[PDB]
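Notes follow the structure.
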Amino acid sequence: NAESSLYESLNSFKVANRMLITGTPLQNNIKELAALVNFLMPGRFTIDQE
DNA sequence: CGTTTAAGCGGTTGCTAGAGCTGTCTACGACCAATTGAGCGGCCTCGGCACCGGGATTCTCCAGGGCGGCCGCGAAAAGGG
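Here PDB author numbering = 1-based position in the first sequence + 519.
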C-alpha cells in the first residue's frame with residue numbers, strides 16, 4: 520500500500536540501494552506492483568493502466 | 001505494588017452511504033379575484049331558584065265546676081241555786 524505509513528517512513532530514508540524480499544509480489548491488483556516498483560525505481564516506472 | 005488486559009496504532013478488503021455536481025420535470029404552493037359563512041356583539045326567551053299571598057295543621061292559655069277548710073254562731077243537753 521502506497522498510502523500506508525510504512526511507505527512514507529521507508530521512502531524518506533536516504534538510501535542508495537534498496538532490495539525487497541517477498542514471496543507474493545502480486546496479490547490483488549497492478550497498483551501493488553506499481554507501488555513496489557515506485558519504491559524501487561522512483562519515477563522510472565509509470566504503471567498506471569489497469 | 002504485581003499482574004493482566006485492553007486501548008492505541010497500523011493494516012486488509014470489499015461494498016455501501018453520503019456529499020457534490022448536472023439535468024429534467026411535475027406536482028405543489030404563492031397570488032389574485034369573487035364569495036360567503038364562521039366569529040363577535042347584542043336581543044329575546046326559558047329553566048331553575050327565590051319571594052309573597054293563601055290555606056291546612058298543632059300547641060298554649062283562661063275560665064268554670066266541684067271539693068276541702070275555717071269562722072265564729074247558734075240551738076241544745078246537762079248542771080247548779
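Beta carbons are placed, not taken as given, at the ideal position from N, Cα and C, and that holds for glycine.
Looking only at C-alpha atoms, which of the options sits nearest to residue i?
i: residue 568; options: 549, 523, 559 and 540; result: 549
i: residue 544; options: 525, 556 and 560; result: 556
i: residue 541; options: 551, 535, 533 and 534; result: 551
Residue i by DSSP, collapsed to three states: which one?
i: residue 521; result: coil
i: residue 558; result: helix
i: residue 566; result: coil
i: residue 548; result: coil
Using a Cβ-Cβ cut-off of 6 Å (strictly less than) and excluding sequence neighbours within five positions of residue i, which residues of its own chain qualify?
i: residue 521; result: 554
In chain order, what residues of the same chain lie with their CB nearer than 7 Å to the CB of residue i, ignoring the 5 residues before and after it?
i: residue 530; result: 558
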